[PDB]
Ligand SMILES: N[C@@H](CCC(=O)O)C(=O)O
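Just the one chain here, the form deposited without this ligand, laid out as structure tokens.
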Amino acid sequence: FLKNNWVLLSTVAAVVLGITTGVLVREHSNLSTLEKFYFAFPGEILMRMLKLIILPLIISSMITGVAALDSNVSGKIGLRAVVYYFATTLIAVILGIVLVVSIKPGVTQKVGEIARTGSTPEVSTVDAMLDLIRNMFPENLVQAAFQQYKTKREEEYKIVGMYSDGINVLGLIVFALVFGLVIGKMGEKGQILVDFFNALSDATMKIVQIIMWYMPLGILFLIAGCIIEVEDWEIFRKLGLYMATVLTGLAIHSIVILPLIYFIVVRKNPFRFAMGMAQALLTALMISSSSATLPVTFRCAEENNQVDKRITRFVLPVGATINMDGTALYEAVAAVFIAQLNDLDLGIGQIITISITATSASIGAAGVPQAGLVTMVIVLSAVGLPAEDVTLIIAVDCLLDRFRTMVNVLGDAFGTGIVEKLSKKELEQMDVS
């Protein structure tokens, strides 16, 4: 069974051992705030090794995927992917809103009992909405690789902007799409660029395999460190009802709705397909970064489910930044919970508008240093409540952030399969013309 299955067995063993190690250390030992940071050094090294692959992999994969297809074919695949993402995001938002209202988590609990912590960021609705369009078209290609644009209101008020560290993935993806479309129609005059980017994509994909050898140790030291820096278990019991709603919504959306759509569109068993990405699911659960888990998703989808490369290379990078299913559901549930906690009554129109604004703001903060805080604040401002009540959820915002990634990755795989099957005619016809 070994060699055939070594990476998955090592990852499972490391995940099992890390929880035990972390529980034992915290229980029977006392560590200072400085000593708790040196215990997670291998995890940080793994995190900053995985962050180094995102730029070349994304750029080369997007260019290669776009340039391979014809101009007429690419638009149809993009339209299908966009429609599927939008529809399932709407479905997830609806499911989350109804689920939190039905159970009624914050009817009994009062705001006074619950403590709060964290720093609420400064947020402007229209400014944040326009910052997305600004970041879609960066002023500099080199600066876009490690900086982002932000604007703030100051002084009867003026608008001033500045650049801050953080990879701009939206602008890079848009430019890669445009460049691939341009060089795909040049014919012979762009073949050198096509070959260069194909070789770069292959070389980048071969480097992740080296990191996969060190991955189990970093995973073991990464999950143990999360169970040593936990503040206390009092807040977990004080917020147990809140976590139940989000977890139930995520589980329902992952188990019922997505396989239902997959079985309706394509006539295949949807559970073996999900099993084929188990390593990707564990990677998403631990690292909890949809962008950093991209190479593992590529390897799992292409090698284990026989999905066409020309479909993954175009769909998966796009889905790495645009899919908002987990984010939108969590934000909607948390906003309704905060509204229930305070003296606010939710009507039908209020529910509809809060769902609409949650759906819009989930994708509005597509790329932000702390996007979960921006989206919640916008929804709370829309409903009336201030941004100072977001600090209640921050105490458990490190546990529910990990669960969303696996759902997003699994849904991206399902959408890749659905889009590949939905355009089978042009995939079997472009091979000869």
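For clarity, a rigid core is taken as the largest C-alpha set superposing within 1.5 Å between two forms. Start at 1 with the first residue shown and count on from there.
Here the subject shifts to the form deposited with this ligand bound, a form of this protein not shown in this document.
Asker: Within 4.5 angstroms, counting heavy atoms, which one of the listed stretches 286-294, 300-308, 192-200, 273-281 is next to this ligand in the deposited complex?
Answerer: Stretch with heavy atoms near the partner: 286-294.
Asker: So in the deposited complex, are 249, 254 and 399 all sitting within 4.5 Å of this ligand, heavy atoms only?
Answerer: None of them does, since no heavy atom lies within 4.5 Å of the partner.
Asker: Wondering, does residue 382 line up within 4.5 Å of this ligand in the deposited complex on heavy atoms?
Answerer: Residue-level check for residue 382: no, no contact with this ligand.
Asker: My question is simply whether residue 368 lines the interface with this ligand in the deposited complex - judged by any non-hydrogen atom within 4.5 Å.
Answerer: Because a heavy atom of residue 368 falls inside 4.5 Å of this ligand in the deposited complex, the answer is yes.
Asker: Taking the shortest heavy atom distance, is residue 391 within 4.5 Å of this ligand in the deposited complex?
Answerer: The answer is no: residue 391 has no heavy atom within 4.5 Å of this ligand.
Asker: Spell out, yes or no, whether the shortest heavy atom distance between residue 327 and this ligand in the deposited complex is within 4.5 Å.
Answerer: Judged by the heavy-atom cut-off of 4.5 Å, residue 327 is in contact with this ligand in the deposited complex.
Asker: Would you give me the residues of 383-410 that have any heavy atom within 4.5 Å of this ligand in the deposited complex, in order from first to last?
Answerer: Counting only heavy atoms within 4.5 Å of this ligand in the deposited complex, the contacting residues of 383-410 are 401, 404, 405, 408.
Asker: Hey, after the core superposition between this form and the one not shown, which of 50, 378, 69, 62 has the C-alpha moving 2 angstroms or more?
Answerer: The one that shifts is 378.
Asker: So, does residue 366 move by 2 Å or more at the CA between this form and the one not shown, with the core held fixed?
Answerer: Shift at residue 366: 2 Å or more after core fit.
Asker: Would you say residue 357 moves between this form and the one not shown, meaning its CA shifts by 2 Å or more once the core is fitted?
Answerer: Where the cores coincide, residue 357 still shows a C-alpha shift between this form and the one not shown that is 2 Å or more.
Asker: Compare the position of the CA of residue 348 between this form and the one not shown after a rigid core fit and state whether the shift reaches 2 Å.
Answerer: Yes: residue 348 shifts by at least 2 Å between this form and the one not shown.
Asker: Relative to what we see here, could you say if residue 142 and residue 369 have their Cα atoms closer or farther apart in the deposited complex, with a change of 3 Å or more?
Answerer: It is farther: the C-alpha separation of residue 142 and residue 369 rises by at least 3 Å in the deposited complex.
Asker: Can you tell whether residue 129 sits closer to or farther from residue 369 in the deposited complex than it does here, judged by CA atoms, where the change is 3 Å or more?
Answerer: Relative to this form, farther apart in the deposited complex.
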